[PDB]
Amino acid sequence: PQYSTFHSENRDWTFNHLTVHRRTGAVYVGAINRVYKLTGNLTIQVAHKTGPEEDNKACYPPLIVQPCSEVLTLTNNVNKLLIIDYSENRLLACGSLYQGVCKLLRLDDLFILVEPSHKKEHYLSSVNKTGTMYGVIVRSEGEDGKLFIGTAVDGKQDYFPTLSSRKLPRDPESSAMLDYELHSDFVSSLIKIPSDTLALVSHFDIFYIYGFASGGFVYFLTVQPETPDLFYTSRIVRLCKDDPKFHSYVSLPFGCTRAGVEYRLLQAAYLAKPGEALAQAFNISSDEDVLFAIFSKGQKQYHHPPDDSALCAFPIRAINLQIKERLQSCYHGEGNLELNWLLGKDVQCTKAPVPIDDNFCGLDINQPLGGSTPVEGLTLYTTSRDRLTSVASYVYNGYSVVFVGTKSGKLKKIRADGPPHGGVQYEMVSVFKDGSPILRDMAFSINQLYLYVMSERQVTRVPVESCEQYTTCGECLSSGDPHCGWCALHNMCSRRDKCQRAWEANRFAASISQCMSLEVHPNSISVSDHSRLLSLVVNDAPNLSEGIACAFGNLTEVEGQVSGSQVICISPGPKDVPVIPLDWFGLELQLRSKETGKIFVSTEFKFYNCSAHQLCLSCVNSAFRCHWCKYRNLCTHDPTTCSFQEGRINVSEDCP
């Protein structure tokens, strides 16, 4: 029962992030003091060292720019960001060490290509806590490359922008590597947290949980304290892929609701395709993007979110639409921009006869833009105690399958259907024996047979499917597991492509109705009536012509005669018939395929003892075919053994 696994070199060097190379299958783990490159089965190939190093967070600029007067401590370098830059066959890794500098590593050997560190913005943030920074690389065909990066700033609002866009030139040795995409006094590709907002509210900060590119936009999902107990707000922040001025900035709350509970604290997210049921539920094409998200109940307890948590789905289209409607109503002069932490105050929308296209990327007016009314997601599934902590999803055979990690190291497999049910958990695996919470980063092997999952101490490769755990066609085809069918002749629950000869008639059942059944006649015989010929019919069967054998429980196995779906077998002989405990005795009559060697169907077969009854009424009312011999004064299965034909009694009505 043991999956492939990789452990941290040390109990304090916890794992942070994880990514799999879509083309190579190479596995990259971002950890404290280490960046690891691993094989598919999690065999380490390269261990790139990133720490520890003597440092102090008070040291700004960093030690690599300036000598520091502060006392230094050997400091752990937390992986804050880990992203594959596919176009350029390299990996971007940014730690917490030295105010959050970054490295570019070559994919094959993790040899350092460059480490930008002369410019102020080359330092992303001194924050040493995971789950607070996220990046997205965007490189079209005619562009050298771009990096969007959002991060908590820890109150150092003048040191670090909370969101920005940087140059990711193709050439590693470019002097402009990681420079602001645009940098001027009052127009830059960056957002800074106003000093007045930290003054008003501390410890005000903005946490970037997830980010993604979809269509012509980038999206960041954030949590931050609300501004005039502490209440937090989870938001969708959108920008156009092509907008140095950051004029396209817009920000809406989001979350979801079910059964009298509001889930507003964002925990995790993952962009995927809908699957057929959600596509219909959402009225979108099956290859449009859907955001799968985990939220905890309420808007409080950010550092220790309630156990009560939910898996929700947001179609990107529904998001863009609610954003467009917001833009439109603002450019009609309705209401305010409503983004107090940034604008600092109430700013009124400006009416202007500008057409708001699907791909409107902002102007000078009416930006940045907030809003109060939340984007509501579709709640798929909820839990009450084993708090959900991560999420990944993909589509198998038109079914959206969602994997959800829990705080106790469990992995749930949810099958997504639209309303009215939403989602159905069809399995839960125990992944980490130590009960360690599952971290946010999960990723599939290149052909989606496995899902890589991590705790702070461990990376584990978990099979997407374990169909063989279902041992009857009934269990298999009612599990609700999209991967699982019944391999008829091998008596096995498996993937179609794992079932030999699946393409041949009735070899593979995809539906409970396609499960074989077995009819026997007669379905019961007198114990004294041995060596009977029985007629077995196999419903919904495949070719049996290779050969069939009949097994009478443990007692017997004889070669059957096969004609289509009909089998004829000889019942056990005198020595082999079972003895009855004092009226009958049941057992499973089974067919073994000679082609495969496996028992694949069964049904009950009963032996009875008419002699067991010693009174006419008892004999006659037997569940089995018994006859009372009036004169011989006994019960029998064979009426021709009564003394006279006149002695035969079959019904109780004429019992003496």
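Numbering starts at 1 and runs along the sequence shown.
Peer 1: Select one of none, 1 to 3, 4 to 9, or 10 or more to describe the deposited residues without coordinates separating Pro228 and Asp229.
Peer 2: The entry has a gap there, with 4 to 9 residues left out between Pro228 and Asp229.
Peer 1: Classify the number of deposited-sequence residues missing from the model between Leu582 and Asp583: none, 1 to 3, 4 to 9, or 10 or more.
Peer 2: Gap between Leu582 and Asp583: 1 to 3 residues without coordinates.
Peer 1: Would you tell me which stretch averages the higher CA B-factor in the PDB entry, 587-595 or 59-67?
Peer 2: Between 587-595 and 59-67, it is 59-67.
Peer 1: Do the C-alpha atoms of 211-219 or of 357-365 have the higher average B factor in the entry?
Peer 2: The stretch with the larger average C-alpha B-factor is 357-365.
Peer 1: Highest Cα B-factor in the PDB entry belongs to which of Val424, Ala268, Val347, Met516?
Peer 2: Most elevated C-alpha B-factor of the set, per the entry: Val347.
Peer 1: According to the Cα B-factor stored in this entry, which of the following is highest: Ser384, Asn340, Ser234, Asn79?
Peer 2: Each of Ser384, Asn340, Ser234, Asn79 was compared by C-alpha B-factor; the highest is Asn340.
Peer 1: What third of its chain, lowest, middle or highest, does the C-alpha temperature factor of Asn543 fall into?
Peer 2: Lowest third of the chain for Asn543's C-alpha B-factor.
Peer 1: Split into thirds by Cα B-factor across the chain's modelled residues, where does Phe432 land: lowest, middle or highest?
Peer 2: Lowest third.
Peer 1: Please rank the C-alpha B-factors of the chain's modelled residues and tell me whether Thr636 sits in the lowest, middle or highest third.
Peer 2: CA B-factor rank for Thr636: middle third.
Peer 1: Of the three thirds of its chain by CA temperature factor, lowest, middle or highest, which one includes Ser174?
Peer 2: It belongs to the highest third of the chain when residues are ordered by C-alpha B-factor.
Peer 1: Which third, lowest, middle or highest, does the C-alpha temperature factor of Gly142 belong to within its own chain?
Peer 2: According to the entry, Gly142 has a C-alpha B-factor in the chain's highest third.
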